[PDB]
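Trainee: What follows is the file protein.txt, containing compact mmCIF, C-alpha atoms and all ligand atoms:
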```txt
# COMPACT_ATOMS: atom_id res chain seq x y z
CA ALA A 1 -9.04 -12.45 -12.32
CA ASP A 2 -8.70 -9.43 -14.75
CA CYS A 3 -6.72 -7.60 -12.00
CA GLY A 4 -3.40 -5.72 -12.34
CA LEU A 5 -4.12 -4.22 -15.78
CA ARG A 6 -4.78 -0.45 -15.78
CA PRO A 7 -7.53 0.62 -18.22
CA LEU A 8 -5.54 3.80 -19.12
CA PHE A 9 -2.02 2.23 -19.46
CA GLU A 10 -1.65 -1.53 -20.22
CA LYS A 11 -5.12 -1.91 -21.83
CA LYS A 12 -4.15 0.99 -24.28
CA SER A 13 -0.51 -0.24 -24.85
CA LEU A 14 0.54 3.04 -23.13
CA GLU A 15 3.35 3.14 -20.51
CA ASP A 16 3.54 5.46 -17.46
CA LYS A 17 6.54 7.84 -17.09
CA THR A 18 8.59 5.68 -14.68
CA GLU A 19 7.65 1.98 -15.18
CA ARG A 20 10.87 1.25 -17.21
CA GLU A 21 12.93 2.09 -14.06
CA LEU A 22 11.34 -0.93 -12.28
CA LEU A 23 12.05 -3.35 -15.23
CA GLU A 24 15.64 -1.97 -15.42
CA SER A 25 15.97 -2.75 -11.66
CA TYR A 26 15.25 -6.45 -12.40
CA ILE A 27 17.91 -6.75 -15.17
CA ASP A 28 20.75 -4.75 -13.38
CA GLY A 29 23.23 -6.57 -11.11
CA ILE B 1 5.28 10.36 0.69
CA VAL B 2 8.70 12.13 0.62
CA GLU B 3 10.71 13.03 -2.60
CA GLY B 4 7.98 11.49 -4.84
CA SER B 5 6.00 13.20 -7.67
CA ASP B 6 2.37 13.70 -8.87
CA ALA B 7 0.82 10.43 -10.07
CA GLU B 8 -0.29 10.67 -13.75
CA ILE B 9 -4.09 10.11 -14.10
CA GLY B 10 -5.31 6.46 -13.49
CA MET B 11 -1.68 5.51 -12.67
CA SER B 12 -2.89 3.69 -9.45
CA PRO B 13 -6.60 2.90 -9.99
CA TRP B 14 -6.52 0.57 -6.95
CA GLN B 15 -5.57 3.47 -4.66
CA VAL B 16 -8.19 3.83 -1.83
CA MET B 17 -8.49 6.65 0.81
CA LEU B 18 -9.73 5.60 4.31
CA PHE B 19 -11.68 8.37 6.20
CA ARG B 20 -13.22 8.81 9.67
CA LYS B 21 -16.90 9.71 9.09
CA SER B 22 -17.25 12.53 11.68
CA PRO B 23 -15.47 14.78 11.69
CA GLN B 24 -14.55 13.85 8.04
CA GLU B 25 -10.78 13.06 8.29
CA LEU B 26 -8.31 11.28 5.93
CA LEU B 27 -6.75 8.48 8.17
CA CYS B 28 -4.83 6.21 5.81
CA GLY B 29 -4.34 4.65 2.38
CA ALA B 30 -5.73 1.26 1.26
CA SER B 31 -5.78 -0.87 -1.93
CA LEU B 32 -8.70 -2.37 -3.90
CA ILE B 33 -8.14 -6.17 -4.49
CA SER B 34 -11.73 -7.11 -5.60
CA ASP B 35 -15.13 -5.37 -6.15
CA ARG B 36 -16.00 -6.10 -2.42
CA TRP B 37 -12.60 -6.11 -0.75
CA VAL B 38 -10.21 -3.40 0.41
CA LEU B 39 -6.81 -4.03 2.06
CA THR B 40 -5.00 -1.73 4.57
CA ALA B 41 -2.58 -1.71 7.62
CA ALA B 42 -4.09 -3.13 10.86
CA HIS B 43 -2.67 -0.07 12.79
CA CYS B 44 -4.95 2.30 10.74
CA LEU B 45 -7.91 0.60 12.58
CA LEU B 46 -6.45 -0.60 15.96
CA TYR B 47 -3.53 1.04 17.82
CA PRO B 48 -4.33 1.39 21.57
CA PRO B 49 -1.20 3.54 22.19
CA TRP B 50 -2.99 6.27 20.19
CA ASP B 51 -6.38 5.26 21.70
CA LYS B 52 -7.39 4.34 18.11
CA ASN B 53 -10.06 1.58 17.84
CA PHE B 54 -12.33 2.05 14.78
CA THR B 55 -15.44 -0.09 14.00
CA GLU B 56 -17.16 -0.57 10.53
CA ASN B 57 -19.71 2.26 11.14
CA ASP B 58 -16.97 4.81 12.13
CA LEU B 59 -15.43 4.62 8.61
CA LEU B 60 -15.78 5.32 4.86
CA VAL B 61 -13.44 4.82 1.81
CA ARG B 62 -13.19 6.96 -1.41
CA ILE B 63 -12.10 5.01 -4.53
CA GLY B 64 -10.90 6.33 -7.93
CA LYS B 65 -9.59 9.60 -6.37
CA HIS B 66 -6.66 11.70 -7.70
CA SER B 67 -7.10 15.13 -5.88
CA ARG B 68 -8.38 15.54 -2.22
CA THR B 69 -8.62 19.38 -2.83
CA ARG B 70 -11.19 18.57 -5.63
CA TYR B 71 -14.46 16.53 -5.77
CA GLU B 72 -14.34 14.26 -8.86
CA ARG B 73 -18.02 13.89 -9.99
CA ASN B 74 -18.95 10.66 -11.90
CA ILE B 75 -15.24 9.50 -11.36
CA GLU B 76 -14.72 8.99 -7.51
CA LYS B 77 -17.04 6.50 -5.66
CA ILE B 78 -17.61 6.49 -1.85
CA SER B 79 -18.47 3.21 0.01
CA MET B 80 -19.46 2.34 3.60
CA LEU B 81 -17.89 -0.79 5.18
CA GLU B 82 -19.90 -3.98 6.08
CA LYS B 83 -17.12 -5.57 8.24
CA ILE B 84 -13.48 -4.90 9.29
CA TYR B 85 -11.13 -7.91 9.79
CA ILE B 86 -7.80 -7.51 11.68
CA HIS B 87 -5.21 -10.34 11.45
CA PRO B 88 -5.70 -12.33 14.67
CA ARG B 89 -1.86 -12.36 15.24
CA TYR B 90 -1.48 -8.57 14.57
CA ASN B 91 1.05 -7.44 17.29
CA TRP B 92 0.95 -3.73 18.17
CA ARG B 93 2.61 -4.21 21.59
CA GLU B 94 6.06 -4.93 20.10
CA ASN B 95 6.89 -4.42 16.39
CA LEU B 96 3.61 -4.26 14.35
CA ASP B 97 4.08 -7.91 13.15
CA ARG B 98 1.25 -8.77 10.60
CA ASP B 99 0.19 -5.08 10.30
CA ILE B 100 -2.68 -6.05 7.95
CA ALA B 101 -6.51 -5.69 7.81
CA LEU B 102 -9.36 -6.25 5.32
CA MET B 103 -12.48 -4.07 4.96
CA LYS B 104 -15.49 -5.43 3.02
CA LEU B 105 -17.70 -2.93 1.15
CA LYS B 106 -21.48 -2.62 1.73
CA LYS B 107 -22.01 -2.24 -2.06
CA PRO B 108 -19.61 -3.70 -4.65
CA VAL B 109 -17.88 -0.74 -6.47
CA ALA B 110 -18.22 -0.22 -10.27
CA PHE B 111 -14.93 -0.66 -12.24
CA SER B 112 -14.00 2.31 -14.46
CA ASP B 113 -10.89 3.79 -16.16
CA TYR B 114 -10.13 5.22 -12.65
CA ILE B 115 -11.19 2.20 -10.44
CA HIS B 116 -9.47 -1.23 -11.02
CA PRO B 117 -8.26 -3.95 -8.58
CA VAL B 118 -4.54 -4.81 -8.06
CA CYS B 119 -3.51 -8.54 -8.18
CA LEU B 120 -2.16 -10.40 -5.10
CA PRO B 121 1.13 -12.26 -5.64
CA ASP B 122 1.51 -16.07 -5.97
CA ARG B 123 4.54 -18.14 -4.85
CA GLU B 124 6.49 -17.42 -8.07
CA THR B 125 5.51 -13.71 -8.19
CA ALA B 126 6.99 -13.39 -4.65
CA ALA B 127 10.13 -15.40 -5.63
CA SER B 128 10.86 -13.56 -8.89
CA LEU B 129 10.01 -9.90 -7.85
CA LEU B 130 10.62 -9.57 -4.02
CA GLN B 131 14.49 -9.58 -4.35
CA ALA B 132 17.11 -7.02 -3.15
CA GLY B 133 17.78 -4.17 -5.66
CA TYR B 134 14.40 -4.79 -7.39
CA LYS B 135 12.18 -1.68 -7.35
CA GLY B 136 8.48 -1.44 -6.54
CA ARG B 137 6.22 1.68 -6.37
CA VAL B 138 4.68 3.36 -3.27
CA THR B 139 1.76 5.87 -3.43
CA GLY B 140 -0.43 7.93 -1.06
CA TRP B 141 -1.73 11.28 0.09
CA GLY B 142 0.29 11.01 3.28
CA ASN B 143 2.83 13.46 4.76
CA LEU B 144 5.23 15.31 2.43
CA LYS B 145 8.09 15.45 5.02
CA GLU B 146 8.94 14.14 8.52
CA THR B 147 7.41 16.40 11.19
CA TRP B 148 5.85 16.30 14.60
CA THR B 149 2.78 14.66 15.84
CA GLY B 155 2.75 17.81 4.61
CA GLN B 156 -0.69 17.41 2.87
CA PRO B 157 -0.30 17.32 -0.95
CA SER B 158 -3.18 18.17 -3.37
CA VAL B 159 -2.33 15.25 -5.79
CA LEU B 160 -1.68 11.45 -5.17
CA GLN B 161 2.11 10.95 -4.70
CA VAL B 162 4.30 8.18 -6.22
CA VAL B 163 7.90 7.03 -5.64
CA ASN B 164 9.82 3.98 -6.96
CA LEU B 165 12.13 2.49 -4.19
CA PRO B 166 14.34 -0.67 -4.42
CA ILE B 167 14.07 -3.59 -1.91
CA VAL B 168 16.98 -3.76 0.59
CA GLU B 169 18.95 -6.90 1.73
CA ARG B 170 17.50 -8.29 5.03
CA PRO B 171 20.84 -7.69 6.95
CA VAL B 172 21.05 -3.88 6.09
CA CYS B 173 17.36 -3.56 7.13
CA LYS B 174 18.14 -5.22 10.55
CA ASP B 175 21.33 -3.07 10.99
CA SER B 176 19.32 0.18 10.34
CA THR B 177 17.17 0.03 13.55
CA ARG B 178 16.91 -1.45 17.10
CA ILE B 179 13.27 -2.43 16.25
CA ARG B 180 12.94 -6.28 15.90
CA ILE B 181 11.75 -7.08 12.35
CA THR B 182 10.16 -10.45 11.30
CA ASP B 183 9.72 -12.60 8.12
CA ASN B 184 6.24 -10.93 7.76
CA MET B 185 7.99 -7.56 6.88
CA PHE B 186 10.44 -6.19 4.25
CA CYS B 187 12.21 -2.77 3.96
CA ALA B 188 12.75 -0.53 0.85
CA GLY B 189 14.60 2.75 0.07
CA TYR B 190 17.99 3.97 -1.20
CA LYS B 191 21.21 3.31 0.86
CA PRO B 192 22.95 6.49 2.07
CA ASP B 193 25.48 7.12 -0.76
CA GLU B 194 23.20 5.57 -3.41
CA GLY B 195 22.29 9.16 -4.46
CA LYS B 196 18.54 8.73 -4.88
CA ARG B 197 16.02 9.46 -2.14
CA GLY B 198 12.47 8.89 -0.98
CA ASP B 199 10.19 7.12 1.48
CA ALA B 200 6.58 6.68 2.59
CA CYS B 201 5.63 8.70 5.73
CA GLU B 202 2.91 9.07 8.41
CA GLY B 203 -0.48 9.12 6.58
CA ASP B 204 0.77 6.70 3.86
CA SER B 205 0.07 3.53 6.05
CA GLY B 206 -2.14 0.90 4.39
CA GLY B 207 -1.16 2.15 0.89
CA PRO B 208 0.33 -0.42 -1.48
CA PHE B 209 3.92 -1.23 -2.46
CA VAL B 210 3.30 -2.65 -6.00
CA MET B 211 5.56 -4.31 -8.65
CA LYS B 212 5.01 -4.81 -12.40
CA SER B 213 5.55 -8.47 -13.48
CA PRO B 214 7.75 -8.55 -16.63
CA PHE B 215 5.94 -11.82 -17.61
CA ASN B 216 2.17 -10.89 -17.89
CA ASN B 217 2.29 -7.03 -17.54
CA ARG B 218 0.14 -7.20 -14.31
CA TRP B 219 0.61 -5.09 -11.18
CA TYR B 220 0.95 -7.06 -7.94
CA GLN B 221 0.69 -5.79 -4.29
CA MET B 222 3.81 -7.11 -2.52
CA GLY B 223 3.65 -4.77 0.52
CA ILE B 224 1.54 -2.43 2.77
CA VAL B 225 3.14 0.76 4.16
CA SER B 226 3.57 -0.17 7.89
CA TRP B 227 6.32 1.66 9.80
CA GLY B 228 9.55 3.64 9.95
CA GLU B 229 11.64 6.05 12.04
CA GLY B 230 11.09 9.58 10.72
CA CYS B 231 10.77 9.70 6.89
CA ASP B 232 13.64 9.64 4.29
CA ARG B 233 16.64 9.72 6.73
CA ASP B 234 20.12 8.66 5.53
CA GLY B 235 20.67 5.11 6.91
CA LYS B 236 16.90 4.41 7.57
CA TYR B 237 14.41 2.52 5.32
CA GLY B 238 10.59 2.17 5.24
CA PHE B 239 9.12 -1.16 6.49
CA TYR B 240 6.31 -2.87 4.49
CA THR B 241 3.92 -5.63 5.63
CA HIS B 242 4.93 -8.72 3.56
CA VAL B 243 1.66 -9.42 1.55
CA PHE B 244 2.70 -12.90 0.24
CA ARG B 245 3.54 -14.39 3.70
CA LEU B 246 -0.01 -13.39 4.95
CA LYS B 247 -1.93 -14.34 1.68
CA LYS B 248 -3.49 -17.54 3.11
CA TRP B 249 -5.13 -15.45 5.83
CA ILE B 250 -6.44 -12.93 3.31
CA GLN B 251 -7.78 -16.02 1.42
CA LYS B 252 -9.44 -17.67 4.49
CA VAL B 253 -11.22 -14.27 5.12
CA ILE B 254 -12.11 -13.72 1.39
CA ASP B 255 -13.16 -17.43 0.63
CA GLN B 256 -15.75 -17.02 3.48
CA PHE B 257 -17.77 -13.85 2.34
NA NA C 301 18.05 -9.95 -12.42
NA NA C 302 16.49 6.63 3.98
```
Re-express the file's structure as structure tokens.
Ligand code: NA
Ligand code: NA

Mentor:
Amino acid sequence: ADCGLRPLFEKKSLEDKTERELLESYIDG
Amino acid sequence: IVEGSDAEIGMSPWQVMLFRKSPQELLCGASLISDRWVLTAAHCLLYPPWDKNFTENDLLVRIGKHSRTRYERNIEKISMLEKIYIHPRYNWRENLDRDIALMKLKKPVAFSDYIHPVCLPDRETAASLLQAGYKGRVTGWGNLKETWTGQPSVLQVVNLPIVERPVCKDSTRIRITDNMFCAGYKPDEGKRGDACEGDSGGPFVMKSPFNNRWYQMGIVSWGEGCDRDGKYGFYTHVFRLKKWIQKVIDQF
């Protein structure tokens, strides 16, 4: 239900040190 | 986990440790998917080749943990297990097909900044995210290198891309099924890393670019050594076995 959202990261609009690398992996060919 | 790095704090608040009660021993990783429900690899609980055959009473989980070489007062919660459920088509004789199990907690755990459930993928989440070249995250307190049958102080994390089904099959003589996927960098991709012995039952998770939620796509299952050129880690395919998890969950 309210799963998948980390109190210390998403719920505080804060990003971990390597989460952009995963999103970049989706856009790259 | 090999060639990973220290998790930041509350980076993986669904991370669960699975222990033997006596003598107190860290067996495996797990993942929290509800207040009552913990998910792990079937071979953490039942593998007759290692005369391993744990019941509910034999075991205990520790949730919200970051260091094993600390005790984390008013942060980490410990829970006994009411029932263990192994996939009825779990196959240890051959290739660890459906290497999945569910443990139900005696008391529902309290959610905190350090304890929070991971989502399970739907149809579309599996379609959009479980594709070759797309990167998920693996975590655990497992072995630091390949060795014979590497304990780190801090929870370990590595991002690894999913690998095309044909390169997975070419890597190994072990028969793989639809209920599994493989992840890791090709030799001559330049990056490295892998799960390892001890990391089993730990989650392979991906961040949906649509709703910002973390989903558990895989369970650390098997490999040959850890982090070898031309080998990849094999993950239990969480979507293909979701209906079973649901039968078990929709039935208390
Ligand atoms: Na893409
Ligand atoms: Na490798």

Trainee: For residue 27 of chain A, which residue out of B:200, B:217, B:243, B:129 is the nearest one, using all atoms listed in the file?

Mentor: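 Closest to residue 27 of chain A of all the choices is B:129.
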
Trainee: Residues within 9 Å of ligand NA 302 (chain C), counting only C-alpha atoms and all ligand atoms: report them as a PyMOL selection string.

Mentor: chain B and resi 188-192+197-199+231-238

Trainee: Wanna dump the chain B-chain A contacts at 9 Å for me, each residue with its shortest atom pair and the distance in Å to one decimal, counting all atoms listed in the file, ordered by chain and number, as a Markdown table?

Mentor:
```
| residue | atom | partner | partner_atom | distance |
| --- | --- | --- | --- | --- |
| B:8 | CA | A:16 | CA | 7.5 |
| B:9 | CA | A:8 | CA | 8.2 |
| B:10 | CA | A:8 | CA | 6.2 |
| B:11 | CA | A:16 | CA | 7.1 |
| B:12 | CA | A:6 | CA | 7.8 |
| B:13 | CA | A:6 | CA | 6.9 |
| B:14 | CA | A:4 | CA | 8.9 |
| B:33 | CA | A:3 | CA | 7.8 |
| B:34 | CA | A:3 | CA | 8.1 |
| B:112 | CA | A:7 | CA | 7.7 |
| B:113 | CA | A:7 | CA | 5.1 |
| B:114 | CA | A:7 | CA | 7.7 |
| B:115 | CA | A:7 | CA | 8.7 |
| B:116 | CA | A:6 | CA | 6.7 |
| B:117 | CA | A:3 | CA | 5.2 |
| B:118 | CA | A:4 | CA | 4.5 |
| B:119 | CA | A:4 | CA | 5.0 |
| B:120 | CA | A:4 | CA | 8.7 |
| B:129 | CA | A:26 | CA | 7.8 |
| B:131 | CA | A:26 | CA | 8.7 |
| B:133 | CA | A:25 | CA | 6.4 |
| B:134 | CA | A:25 | CA | 5.0 |
| B:135 | CA | A:22 | CA | 5.1 |
| B:136 | CA | A:22 | CA | 6.4 |
| B:137 | CA | A:22 | CA | 8.2 |
| B:164 | CA | A:22 | CA | 7.4 |
| B:165 | CA | A:22 | CA | 8.8 |
| B:166 | CA | A:25 | CA | 7.7 |
| B:211 | CA | A:22 | CA | 7.6 |
| B:212 | CA | A:22 | CA | 7.4 |
| B:213 | CA | A:23 | CA | 8.5 |
| B:214 | CA | A:23 | CA | 6.9 |
| B:217 | CA | A:5 | CA | 7.2 |
| B:218 | CA | A:4 | CA | 4.3 |
| B:219 | CA | A:4 | CA | 4.2 |
| B:220 | CA | A:4 | CA | 6.3 |
```

Trainee: One decimal, in Å: what's the spacing between atom CA of residue 102 of chain B and atom CA of residue 251 of chain B?

Mentor: 10.6 Å

Trainee: Rounded to one decimal, what separation in Å do you get between atom CA of residue 221 of chain B and atom CA of residue 242 of chain B?

Mentor: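 Going from atom CA of residue 221 of chain B over to atom CA of residue 242 of chain B covers 9.4 Å.
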
Trainee: Please, what distance in Å, to one decimal, runs between atom CA of residue 109 of chain B and atom CA of residue 126 of chain B?

Mentor: 28.0 Å

Trainee: Which polymer residues have any atom within 12 Å of an atom of residue 253 of chain B, counting all atoms listed in the file, with same-chain residues fewer than 3 positions away left out, as a compact mmCIF listing (two decimals) with C-alpha atoms, in the coordinates of the input?

Mentor:
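Just written: part26.txt:
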```
# COMPACT_ATOMS: atom_id res chain seq x y z
CA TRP B 37 -12.60 -6.11 -0.75
CA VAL B 38 -10.21 -3.40 0.41
CA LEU B 39 -6.81 -4.03 2.06
CA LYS B 83 -17.12 -5.57 8.24
CA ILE B 84 -13.48 -4.90 9.29
CA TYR B 85 -11.13 -7.91 9.79
CA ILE B 86 -7.80 -7.51 11.68
CA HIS B 87 -5.21 -10.34 11.45
CA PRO B 88 -5.70 -12.33 14.67
CA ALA B 101 -6.51 -5.69 7.81
CA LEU B 102 -9.36 -6.25 5.32
CA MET B 103 -12.48 -4.07 4.96
CA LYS B 104 -15.49 -5.43 3.02
CA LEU B 246 -0.01 -13.39 4.95
CA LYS B 247 -1.93 -14.34 1.68
CA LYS B 248 -3.49 -17.54 3.11
CA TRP B 249 -5.13 -15.45 5.83
CA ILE B 250 -6.44 -12.93 3.31
CA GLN B 256 -15.75 -17.02 3.48
CA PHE B 257 -17.77 -13.85 2.34
```

Trainee: Considering all atoms listed in the file, can you say which of B:31, B:91, B:128, B:22 comes closest to ligand NA 301 (chain C)?

Mentor: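 Result for the nearest residue to ligand NA 301 (chain C): B:128.
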
Trainee: For residue 110 of chain B, find every residue with an atom within 12 Å (counting only C-alpha atoms), except residues of its own chain fewer than 5 positions away, and show them as a PyMOL selection string.

Mentor: chain B and resi 32+34-36+63-64+74-79+105+115-117

Trainee: Assuming 5 Å of padding per side, give the centre and edge lengths of the axis-aligned box around every listed atom of segment 187-199 of chain B, in Å to one decimal and as lines of an AutoDock Vina configuration file.

Mentor:
```
center_x = 17.8
center_y = 3.3
center_z = -0.5
size_x = 25.3
size_y = 22.2
size_z = 18.8
```
